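First comes the structure, then the notes that go with it.
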Amino acid sequence: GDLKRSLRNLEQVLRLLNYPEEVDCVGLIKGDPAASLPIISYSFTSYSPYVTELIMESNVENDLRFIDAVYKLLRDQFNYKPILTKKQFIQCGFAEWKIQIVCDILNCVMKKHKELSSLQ
């Protein structure tokens with residue numbers, strides 16, 4: 001857990017994703033899930049038309065179900081198992097690890113888009 005490293009990884013990843021919204025810096029540092037969910041949500045709904053078509057085809061979304069759906073999506077479609085459990089993510093703490101999971105999810109979305117746009 002290195003807060004500075006994780007935040008710098010997120011800045012670089014948000015830059016590559018062209019995330020257009022303002023980021024809740026205070027919430028991320030405090031490990032608040034509410035600061036991570038809008039970023040993950042944006043990458044699923046608004047980043048790529050190919051990634052978003054795949055996601056909207058299976059599951060549909062108060063975000064207690066949102067965390068469960070994201071975990072199932074990452075396991076099935078992106079072959080990603082987050083480091084924290086579903087309850088370690090919903091509870092406050094492990095801030096550096098939640099930040100890196102956002103970076104990982106966003107890297108999965110972007111590598112999935114590059115792969116899907118290729119075979120078209």
Side-chain angles (χ1 to χ4, degrees):
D2 195 71
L3 178 58
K4 185 182 177 179
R5 164 96 63 167
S6 306
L7 286 166
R8 184 185 179 176
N9 292 345
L10 180 58
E11 171 182 40
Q12 186 62 56
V13 166
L14 289 178
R15 210 141 50 204
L16 287 185
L17 184 124
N18 288 336
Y19 184 74
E21 278 295 332
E22 280 208 13
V23 173
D24 182 9
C25 202
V26 179
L28 296 175
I29 292 167
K30 296 186 170 183
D32 183 17
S36 284
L37 300 191
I39 303 174
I40 299 165
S41 184
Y42 175 85
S43 75
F44 287 172
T45 67
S46 317
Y47 173 63
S48 174
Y50 300 132
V51 177
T52 294
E53 181 180 1
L54 173 68
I55 287 168
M56 296 308 152
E57 197 175 345
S58 294
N59 189 279
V60 179
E61 278 59 56
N62 296 332
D63 294 342
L64 290 184
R65 299 177 179 177
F66 199 101
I67 294 178
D68 302 323
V70 167
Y71 270 68
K72 182 177 178 181
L73 288 173
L74 296 168
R75 187 186 60 88
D76 306 330
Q77 325 290 346
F78 304 89
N79 297 329
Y80 177 77
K81 296 179 179 179
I83 296 84
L84 311 179
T85 56
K86 298 176 180 186
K87 290 184 181 177
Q88 283 181 334
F89 201 92
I90 187 52
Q91 73 174 3
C92 284
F94 300 111
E96 306 86 350
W97 306 91
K98 289 175 187 174
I99 294 168
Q100 198 55 38
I101 284 179
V102 165
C103 303
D104 292 358
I105 297 173
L106 270 61
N107 280 313
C108 295
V109 171
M110 295 184 293
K111 301 305 177 177
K112 177 63 65 174
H113 162 77
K114 174 163 186 172
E115 141 197 355
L116 294 185
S117 67
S118 169
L119 55 90
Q120 294 300 323

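In what follows, every heavy atom counts, from backbone to side chain, and hydrogens, waters and symmetry copies are set aside. In this chain, numbering begins with 1 at the start of the sequence shown.
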Item to check | Contacts of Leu16 that satisfy side chain to side chain contact (heavy atoms under 4.5 Å, CB included) - sequence neighbours left out | outcome: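 Side chain to side chain contact (heavy atoms under 4.5 Å, CB included) check on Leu16 returns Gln12, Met110.
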
To the nearest 0.5 Å, what is the distance between [atom1] ([X]) and [atom2] ([Y])?
| X | Y | atom1 | atom2 | answer |
| --- | --- | --- | --- | --- |
| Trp97 | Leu84 | CH2 | CG | 8.0 Å |
| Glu21 | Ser46 | CD | OG | 9.5 Å |
| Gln120 | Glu115 | CD | CD | 11.0 Å |
| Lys112 | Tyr80 | NZ | OH | 15.0 Å |
| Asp24 | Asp32 | CG | CG | 6.5 Å |

Checklist entry - Does the side-chain contact (heavy atoms from CB on, under 4.5 Å) test come out yes or no for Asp104 and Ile83, once each step is laid out? => result CA-CA 10 Å; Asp104 292 358; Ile83 296 84; 3.9 Å; yes

Please give me the minimum heavy-atom distance between [X] and [Y], naming the atom from each residue.
| X | Y | value |
| --- | --- | --- |
| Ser43 | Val109 | O-CG1, 3.3 Å |
| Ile39 | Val23 | CD1-CG1, 4.4 Å |
| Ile99 | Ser6 | CG2-O, 3.5 Å |
| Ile29 | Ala95 | O-CB, 3.1 Å |
| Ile67 | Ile90 | CD1-CD1, 3.5 Å |
| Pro33 | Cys92 | CD-SG, 4.3 Å |

Checklist entry - Do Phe89 and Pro82 have side-chain heavy atoms sitting under 4.5 Å apart? => result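 The answer is no, as the side chains (C-beta and beyond) never meet within the 4.5 Å cut-off.
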
Item to check | Pairwise side-chain contact, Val70 with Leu37, heavy-atom cut-off 4.5 Å (strictly under) | outcome: no

Item to check | Same cluster (ILVMFWY, side-chain, under 4.5 Å), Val102 and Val26 | outcome: no

Checklist entry - Name the one of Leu54, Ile55, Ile40 that satisfies side chain to side chain contact (heavy atoms under 4.5 Å, CB included) with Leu73? => result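 Only match with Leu73 under side chain to side chain contact (heavy atoms under 4.5 Å, CB included): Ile55.
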
Next on the checklist: Pair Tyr47, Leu106 - check side-chain contact (heavy atoms from CB on, under 4.5 Å), show working.
Outcome noted: CA-CA 10 Å; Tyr47 173 63; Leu106 270 61; over 6 Å; no

Checklist entry - Within the distance-only criterion (no hydrogens, no angle test), does the side chain of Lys98 pair as donor or acceptor with the backbone N or O of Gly31 below 3.5 angstrom? => result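 Looks like yes, one N/O pair under 3.5 Å.
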
Next on the checklist: Taking the basic N atoms (NZ, or NE/NH1/NH2) and the acidic carboxylate oxygens, is any pair closer than 4.0 Å for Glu11 and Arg8?
Outcome noted: no

Item to check | All pairs passing side chain to side chain donor-acceptor pair (under 3.5 Å) where residues 50-75 contributes a residue, at least two apart | outcome: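 The answer is none; no pair qualifies.
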
Item to check | Partners meeting ring-ring contact (aromatic ring centres under 6.0 Å, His included) with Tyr19 (sequence neighbours left out) | outcome: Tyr42

Kindly write out the residues that satisfy side-chain hydrogen bond (donor to acceptor under 3.5 Å, both in side chains) with [X], not counting sequence neighbours, or none if the list is empty.
| X | result |
| --- | --- |
| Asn9 | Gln100 |
| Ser48 | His113 |
| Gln88 | none |

